[PDB]
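Peer 1: I'd like to ask you about the structure that follows.
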Amino acid sequence: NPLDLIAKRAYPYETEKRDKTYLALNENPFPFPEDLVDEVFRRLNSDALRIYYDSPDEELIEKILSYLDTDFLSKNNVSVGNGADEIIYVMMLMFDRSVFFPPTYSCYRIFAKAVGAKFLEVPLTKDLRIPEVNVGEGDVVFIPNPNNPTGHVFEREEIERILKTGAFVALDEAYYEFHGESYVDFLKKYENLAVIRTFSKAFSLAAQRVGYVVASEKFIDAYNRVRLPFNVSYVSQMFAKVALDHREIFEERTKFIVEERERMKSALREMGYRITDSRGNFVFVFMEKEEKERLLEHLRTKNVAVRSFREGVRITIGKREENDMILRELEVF
Amino acid sequence: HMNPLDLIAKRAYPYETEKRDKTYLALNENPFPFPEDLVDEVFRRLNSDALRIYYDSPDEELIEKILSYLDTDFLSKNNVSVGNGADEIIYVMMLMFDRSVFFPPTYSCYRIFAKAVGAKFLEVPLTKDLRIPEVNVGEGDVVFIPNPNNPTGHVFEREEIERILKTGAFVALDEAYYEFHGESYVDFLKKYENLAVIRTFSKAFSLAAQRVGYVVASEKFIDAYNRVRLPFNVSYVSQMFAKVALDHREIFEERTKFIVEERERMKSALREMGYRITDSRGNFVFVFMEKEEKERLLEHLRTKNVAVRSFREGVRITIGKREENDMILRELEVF
Ligand SMILES: Cc1ncc(COP(=O)(O)O)c(CN)c1O
Ligand SMILES: Cc1ncc(COP(=O)(O)O)c(CN)c1O
């Protein structure tokens, strides 16, 4: 009964009914602009819906390349996924062993167990530094940068130290847009690196699932052989193309989210909370289990959702009134 | 002495995109565009605030509408899930079981995906009469059986499938072409825990570019499947397309009726010409041809900007519009 083994081995699947003020999945506070939804639909060919539509199409790759804005990338350095999740998932199917460093993205462990990958979890140090680990060729090492859930940034030397082991580094730059530095340039020097990106956070397209990966031609070829061939829909691609053609609105939204993040980080410091230097669309607050659970319960009654972790809570940046409500809840507590 | 990227390149087939000829009859696609009225309905129902969230996949409404379409008394929400195409459902099932079993001539992606993900698999060819062969299978195996079969379009008897179910092996019944045949083996789930039926919106609803498949099975299996698959695997808008299609099935019913009549008309004409064909019940016909005579037909078709699908024993020709079908028959008549 293989299905019993999956009950034992893999984590259960659950749908959770969202609270009124939901600040728990690092989603953008803003709806996708209505004008751009309109543009999407006046670009749609109903005759195109009936066919197996190339994933990615050429135009989406040209626009992603234009967004990346390098001198050295070509179309063979870029592919797409059904979310960044798919890219991670597929990478776990590709290598002998997956390595990651708690506190990290919760789906690494989940997907490893889901697909029965060999994996090694070694915790980040007390200072949130990457630990000493025995890794090499055959391994893929998943490093989110900025880190999730801490939002902190690993120094370049840290990433490079792993790169010099020969292990394959999967640099998950899901929160790149809120930080503004990318290690994509390291592809000039290292063949053993892939940078993973998404439209979900900064472009308000989490429901449409478009991720992309930037890597060497050898890797991208291999990835494209292992993934599903028609993995991103015609309309998801069109949403991503239209978003890339109108970046100014998204830049203004990002600017608001970062200013709102830093304002919250300052207020929390002034209150005496121990926080991380987060560079994502969220803040991380350290708290003790007992302080945490009392706060959580209070938020529960006020119809607010944040994300609980072992060492504290991760609060996504929302709208000005939501952010102020959070600060007020933390002040009393 | 080989880095993992070289191993993949060795074992897995290359990624290759196709160039579409002016008359393309090679991927079992619906001839008709998705209705314009329904595209506008999707745009109308679309909530731009929903676009920014990790949207449930499947949402509750999509499930309700799939159940209503299936129209049984005994299925609940716990018996149904979704995939990013039926392709994803197959792919995940291959990750779920110890061994994958299929029977050539069969769906080309089974072998491809097995090799892609490094699944252990067993390929045993169908008999001369297109019957499922004697095979040593049991618990731990998943046996992929398309019904109607792809590329032959022929229908397996219930007894053939029930024999496999009784082994204890898990049967994945791929009902991608159900709509063009009209009988389903979903009622077997009253009795067998041991079974999943896979379905798609791609062929009958002209939504191949939006990738919505669904699977119907026991609660135990669906739970397991939902643990192994990507949690947000089908997009908000893909789900809205599928929901709107299910709210307006009469147009799709008339299209399916046209496709089946068109298929049977072609099957008759080909028999009258002296071609050996299968009794196809999909949106396509399968014509047996000797290798060398088949290649000659292909050059003619290539010369005339027509794509069909070439197989070891013949060609699988998807039903298109009346004018493309008529043209196929001319070229098979003159040939
Ligand atoms: C670190 C990290 N990586 C990947 C993802 C996935 O994003 P996507 O919506 O594009 O699958 C997320 C968000 N769940 C993330 O936080
Ligand atoms: C037998 C079979 N099964 C599954 C599929 C997949 O359908 P989908 O387009 O929804 O991935 C196809 C079509 N590619 C098929 O022919």
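Labels for the structure tokens follow display order: chains A, B, ..., residues from 1 in each chain, ligands from 1.
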Residues near residue 164 of chain A, anyone? I mean within 12 Å using only C-alpha atoms, not counting same-chain ones fewer than 5 positions away, as an mmCIF file with C-alpha atoms, in the first residue's frame.
Peer 2:
```
data_model
loop_
_atom_site.group_PDB
_atom_site.id
_atom_site.type_symbol
_atom_site.label_atom_id
_atom_site.label_comp_id
_atom_site.auth_asym_id
_atom_site.auth_seq_id
_atom_site.Cartn_x
_atom_site.Cartn_y
_atom_site.Cartn_z
ATOM 1 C CA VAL A 135 29.018 19.109 0.177
ATOM 2 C CA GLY A 136 30.267 18.592 -3.380
ATOM 3 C CA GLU A 137 29.323 17.481 -6.881
ATOM 4 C CA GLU A 157 31.910 35.367 0.384
ATOM 5 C CA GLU A 158 29.452 32.936 2.049
ATOM 6 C CA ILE A 159 27.763 32.016 -1.242
ATOM 7 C CA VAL A 169 24.040 26.317 -5.661
ATOM 8 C CA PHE A 186 28.445 35.151 -10.673
ATOM 9 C CA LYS A 189 32.599 32.854 -13.245
ATOM 10 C CA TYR A 190 30.703 29.754 -12.012
ATOM 11 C CA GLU A 191 28.951 27.103 -14.082
ATOM 12 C CA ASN A 192 27.559 25.503 -10.868
ATOM 13 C CA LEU A 193 24.957 28.170 -10.055
#
```
Peer 1: Check every residue of chain B for an atom within 6 Å of chain A, counting only C-alpha atoms, and provide those that qualify as an mmCIF file with N, CA, C and O atoms, in the first residue's frame.
Peer 2:
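Final output, part_0.cif:
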```cif
data_model
loop_
_atom_site.group_PDB
_atom_site.id
_atom_site.type_symbol
_atom_site.label_atom_id
_atom_site.label_comp_id
_atom_site.auth_asym_id
_atom_site.auth_seq_id
_atom_site.Cartn_x
_atom_site.Cartn_y
_atom_site.Cartn_z
ATOM 1 N N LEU B 5 24.251 16.721 -14.442
ATOM 2 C CA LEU B 5 23.724 17.311 -15.677
ATOM 3 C C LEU B 5 24.036 16.475 -16.926
ATOM 4 O O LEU B 5 23.272 16.498 -17.893
ATOM 5 N N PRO B 14 15.701 14.978 -25.302
ATOM 6 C CA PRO B 14 15.902 16.426 -25.397
ATOM 7 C C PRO B 14 14.598 17.218 -25.397
ATOM 8 O O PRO B 14 13.570 16.723 -25.869
ATOM 9 N N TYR B 15 14.648 18.435 -24.863
ATOM 10 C CA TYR B 15 13.524 19.365 -24.974
ATOM 11 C C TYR B 15 13.540 19.952 -26.367
ATOM 12 O O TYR B 15 14.537 20.511 -26.802
ATOM 13 N N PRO B 33 -11.636 27.269 -31.651
ATOM 14 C CA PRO B 33 -11.144 28.169 -30.611
ATOM 15 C C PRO B 33 -12.039 28.112 -29.403
ATOM 16 O O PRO B 33 -13.197 27.695 -29.495
ATOM 17 N N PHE B 34 -11.513 28.521 -28.258
ATOM 18 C CA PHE B 34 -12.351 28.634 -27.092
ATOM 19 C C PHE B 34 -13.320 29.778 -27.390
ATOM 20 O O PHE B 34 -12.900 30.788 -27.932
ATOM 21 N N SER B 48 -9.190 41.142 -9.621
ATOM 22 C CA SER B 48 -7.796 41.567 -9.733
ATOM 23 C C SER B 48 -7.049 41.512 -8.387
ATOM 24 O O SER B 48 -5.833 41.340 -8.335
ATOM 25 N N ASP B 49 -7.803 41.650 -7.307
ATOM 26 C CA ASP B 49 -7.306 41.404 -5.964
ATOM 27 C C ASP B 49 -6.952 39.932 -5.700
ATOM 28 O O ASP B 49 -6.049 39.650 -4.940
ATOM 29 N N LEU B 51 -5.669 38.064 -7.937
ATOM 30 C CA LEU B 51 -4.435 37.799 -8.688
ATOM 31 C C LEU B 51 -3.186 37.834 -7.827
ATOM 32 O O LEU B 51 -2.212 37.159 -8.145
ATOM 33 N N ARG B 52 -3.218 38.601 -6.748
ATOM 34 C CA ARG B 52 -2.029 38.814 -5.914
ATOM 35 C C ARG B 52 -1.828 37.745 -4.822
ATOM 36 O O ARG B 52 -0.796 37.750 -4.141
ATOM 37 N N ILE B 53 -2.818 36.869 -4.617
ATOM 38 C CA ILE B 53 -2.723 35.853 -3.557
ATOM 39 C C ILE B 53 -2.377 34.460 -4.095
ATOM 40 O O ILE B 53 -2.644 34.138 -5.255
ATOM 41 N N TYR B 54 -1.787 33.646 -3.233
ATOM 42 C CA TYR B 54 -1.635 32.215 -3.492
ATOM 43 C C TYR B 54 -3.023 31.631 -3.451
ATOM 44 O O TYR B 54 -3.589 31.438 -2.393
ATOM 45 N N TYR B 55 -3.583 31.426 -4.638
ATOM 46 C CA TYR B 55 -4.961 31.029 -4.802
ATOM 47 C C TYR B 55 -5.095 29.509 -4.667
ATOM 48 O O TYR B 55 -4.326 28.752 -5.251
ATOM 49 N N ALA B 116 12.550 10.886 -17.631
ATOM 50 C CA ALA B 116 12.828 12.237 -17.093
ATOM 51 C C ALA B 116 13.090 12.205 -15.590
ATOM 52 O O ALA B 116 14.093 12.740 -15.124
ATOM 53 N N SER B 206 -11.303 22.764 -25.621
ATOM 54 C CA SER B 206 -10.397 23.703 -26.294
ATOM 55 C C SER B 206 -9.590 24.567 -25.299
ATOM 56 O O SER B 206 -9.393 25.763 -25.515
ATOM 57 N N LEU B 207 -9.087 23.932 -24.238
ATOM 58 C CA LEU B 207 -8.309 24.623 -23.228
ATOM 59 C C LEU B 207 -6.926 24.013 -23.024
ATOM 60 O O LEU B 207 -6.378 24.063 -21.929
ATOM 61 N N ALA B 208 -6.351 23.466 -24.093
ATOM 62 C CA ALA B 208 -5.011 22.870 -24.041
ATOM 63 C C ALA B 208 -3.909 23.865 -23.565
ATOM 64 O O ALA B 208 -2.961 23.474 -22.883
ATOM 65 N N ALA B 209 -4.039 25.146 -23.922
ATOM 66 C CA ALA B 209 -3.069 26.146 -23.510
ATOM 67 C C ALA B 209 -3.180 26.580 -22.050
ATOM 68 O O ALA B 209 -2.264 27.256 -21.522
ATOM 69 N N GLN B 210 -4.274 26.190 -21.394
ATOM 70 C CA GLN B 210 -4.498 26.541 -19.993
ATOM 71 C C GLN B 210 -4.286 25.409 -18.965
ATOM 72 O O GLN B 210 -4.259 25.681 -17.761
ATOM 73 N N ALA B 224 -2.851 11.284 -0.650
ATOM 74 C CA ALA B 224 -1.452 11.023 -0.969
ATOM 75 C C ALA B 224 -0.967 11.885 -2.141
ATOM 76 O O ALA B 224 0.111 12.472 -2.081
ATOM 77 N N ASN B 226 -2.188 14.761 -3.224
ATOM 78 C CA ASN B 226 -2.162 16.143 -2.772
ATOM 79 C C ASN B 226 -0.966 16.473 -1.906
ATOM 80 O O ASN B 226 -0.610 17.643 -1.800
ATOM 81 N N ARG B 227 -0.362 15.458 -1.281
ATOM 82 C CA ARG B 227 0.891 15.637 -0.521
ATOM 83 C C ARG B 227 2.145 15.697 -1.372
ATOM 84 O O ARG B 227 3.119 16.323 -0.978
ATOM 85 N N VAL B 228 2.129 15.020 -2.519
ATOM 86 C CA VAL B 228 3.300 14.897 -3.402
ATOM 87 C C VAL B 228 3.325 16.013 -4.479
ATOM 88 O O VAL B 228 4.395 16.481 -4.904
ATOM 89 N N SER B 235 -3.465 27.680 -11.975
ATOM 90 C CA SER B 235 -3.598 29.105 -11.752
ATOM 91 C C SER B 235 -5.049 29.517 -11.568
ATOM 92 O O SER B 235 -5.987 28.821 -11.978
ATOM 93 N N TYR B 236 -5.220 30.687 -10.968
ATOM 94 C CA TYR B 236 -6.528 31.305 -10.798
ATOM 95 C C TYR B 236 -7.338 31.379 -12.113
ATOM 96 O O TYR B 236 -8.524 31.000 -12.158
#
```
Peer 1: List all protein, DNA and RNA residues that have an atom no more than 6 Å from any atom of ligand 2, counting only C-alpha atoms and all ligand atoms, and report them as a PyMOL selection string.
Peer 2: chain B and resi 85-87+107+146+150+174+176+200+202+208+211-213
Peer 1: I need the strand (DSSP E or B) residues of segment 96-274 of chain A per DSSP on the backbone, written as a PyMOL selection string.
Peer 2: chain A and resi 97-100+119-121+139-144+168-172+193-198+210-215
Peer 1: Since we have the selection now, will you write its residues out, keeping C-alpha atoms, as a PDB file, in the first residue's frame?
Peer 2:
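In the end it all went to selection39.pdb:
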```pdb
ATOM      1  CA  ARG A  97      21.049  15.167  -2.702  1.00  0.00           C
ATOM      2  CA  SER A  98      19.394  18.413  -1.630  1.00  0.00           C
ATOM      3  CA  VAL A  99      20.930  20.609   1.095  1.00  0.00           C
ATOM      4  CA  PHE A 100      19.344  23.574   2.949  1.00  0.00           C
ATOM      5  CA  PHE A 119      18.258  15.672   1.810  1.00  0.00           C
ATOM      6  CA  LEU A 120      20.465  17.172   4.496  1.00  0.00           C
ATOM      7  CA  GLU A 121      19.263  19.905   6.845  1.00  0.00           C
ATOM      8  CA  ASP A 139      24.499  18.044  -4.243  1.00  0.00           C
ATOM      9  CA  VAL A 140      22.215  20.999  -4.873  1.00  0.00           C
ATOM     10  CA  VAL A 141      22.315  23.574  -2.073  1.00  0.00           C
ATOM     11  CA  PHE A 142      19.252  25.814  -1.729  1.00  0.00           C
ATOM     12  CA  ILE A 143      20.079  29.246  -0.416  1.00  0.00           C
ATOM     13  CA  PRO A 144      17.306  31.869  -0.354  1.00  0.00           C
ATOM     14  CA  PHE A 168      25.415  23.165  -7.327  1.00  0.00           C
ATOM     15  CA  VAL A 169      24.040  26.317  -5.661  1.00  0.00           C
ATOM     16  CA  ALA A 170      20.371  27.141  -6.189  1.00  0.00           C
ATOM     17  CA  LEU A 171      20.169  30.811  -5.228  1.00  0.00           C
ATOM     18  CA  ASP A 172      16.520  31.516  -4.504  1.00  0.00           C
ATOM     19  CA  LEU A 193      24.957  28.170 -10.055  1.00  0.00           C
ATOM     20  CA  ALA A 194      21.278  28.851 -10.792  1.00  0.00           C
ATOM     21  CA  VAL A 195      19.345  31.964  -9.765  1.00  0.00           C
ATOM     22  CA  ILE A 196      15.609  31.470  -9.201  1.00  0.00           C
ATOM     23  CA  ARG A 197      13.120  34.331  -9.542  1.00  0.00           C
ATOM     24  CA  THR A 198       9.378  34.887  -9.383  1.00  0.00           C
ATOM     25  CA  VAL A 210       5.342  32.318 -13.054  1.00  0.00           C
ATOM     26  CA  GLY A 211       8.885  31.651 -11.938  1.00  0.00           C
ATOM     27  CA  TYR A 212      12.084  31.798 -13.919  1.00  0.00           C
ATOM     28  CA  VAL A 213      15.545  30.391 -13.582  1.00  0.00           C
ATOM     29  CA  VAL A 214      18.806  31.826 -14.873  1.00  0.00           C
ATOM     30  CA  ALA A 215      21.757  29.457 -15.301  1.00  0.00           C
TER      31      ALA A 215
END
```
Peer 1: Just to confirm, what's the straight-line distance from atom CA of residue 6 of chain B to atom CA of residue 75 of chain A in Å (one decimal)?
Peer 2: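 A separation of 20.6 Å between them.
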Peer 1: What is the atom CA of residue 247 of chain A-atom CA of residue 231 of chain B distance in Å, reported with one decimal?
Peer 2: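 Distance between the two atoms: 28.4 Å.
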Peer 1: For a quick check of understanding, using only C-alpha atoms and all ligand atoms, which of B:232, B:72, B:311, B:145 has the smallest distance to ligand 1?
Peer 2: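 Of the candidates, the smallest distance to ligand 1 is held by B:232.
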Peer 1: Which residues, written as a list in words, have at least one atom at most 9 Å from residue 278 of chain B, with only C-alpha atoms counted and residues fewer than 3 positions away on the same chain left out?
Peer 2: residues 152, 153, 154, 267, 285, 286, 287 and 288 of chain B
Peer 1: Can I get the selection written as a CSV table (one decimal), in the first residue's frame, with N, CA, C and O atoms?
Peer 2:
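Result written to result34.csv:
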```csv
chain,number,residue,atom,x,y,z
B,152,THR,N,-4.1,4.4,-30.9
B,152,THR,CA,-5.0,3.6,-31.7
B,152,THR,C,-6.5,4.1,-31.5
B,152,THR,O,-7.3,3.9,-32.5
B,153,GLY,N,-6.8,4.7,-30.4
B,153,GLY,CA,-8.2,5.1,-30.1
B,153,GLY,C,-9.1,3.9,-29.8
B,153,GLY,O,-10.3,4.2,-29.5
B,154,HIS,N,-8.6,2.7,-29.7
B,154,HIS,CA,-9.4,1.6,-29.4
B,154,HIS,C,-9.7,1.5,-27.9
B,154,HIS,O,-9.0,2.0,-27.1
B,267,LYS,N,-13.5,7.3,-41.0
B,267,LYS,CA,-13.3,5.9,-40.9
B,267,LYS,C,-13.9,5.1,-42.0
B,267,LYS,O,-13.3,4.2,-42.5
B,285,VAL,N,-8.2,9.4,-36.0
B,285,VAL,CA,-8.1,8.1,-36.7
B,285,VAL,C,-6.7,7.6,-36.7
B,285,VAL,O,-5.7,8.4,-36.8
B,286,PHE,N,-6.6,6.3,-36.7
B,286,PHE,CA,-5.2,5.7,-36.8
B,286,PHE,C,-5.2,4.7,-38.0
B,286,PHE,O,-6.0,3.8,-38.1
B,287,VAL,N,-4.2,5.0,-38.9
B,287,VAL,CA,-4.1,4.3,-40.2
B,287,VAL,C,-2.8,3.5,-40.2
B,287,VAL,O,-1.7,4.0,-40.1
B,288,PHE,N,-3.0,2.2,-40.4
B,288,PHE,CA,-1.8,1.3,-40.5
B,288,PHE,C,-1.2,1.4,-41.9
B,288,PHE,O,-1.9,1.3,-42.9
```
Peer 1: Name all residues at most 12 Å from segment 293-298 of chain A (count only C-alpha atoms; drop same-chain ones fewer than 5 positions away) and give them as a list in words.
Peer 2: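 Those residues are residues 285, 287, 288, 303, 304, 305, 306, 307, 308, 309, 310, 311, 312, 313, 314, 315, 326, 327, 328, 329, 330, 331, 332 and 333 of chain A.
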Peer 1: Choose the residue, out of A:302, A:65, A:18, A:108, that has the smallest atom-to-atom separation from residue 230 of chain B; count only C-alpha atoms.
Peer 2: A:108
Peer 1: B:165, B:266, B:234, B:197: which is nearest ligand 1, counting only C-alpha atoms and all ligand atoms?
Peer 2: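 Among B:165, B:266, B:234, B:197, it is B:234 that comes nearest to ligand 1.
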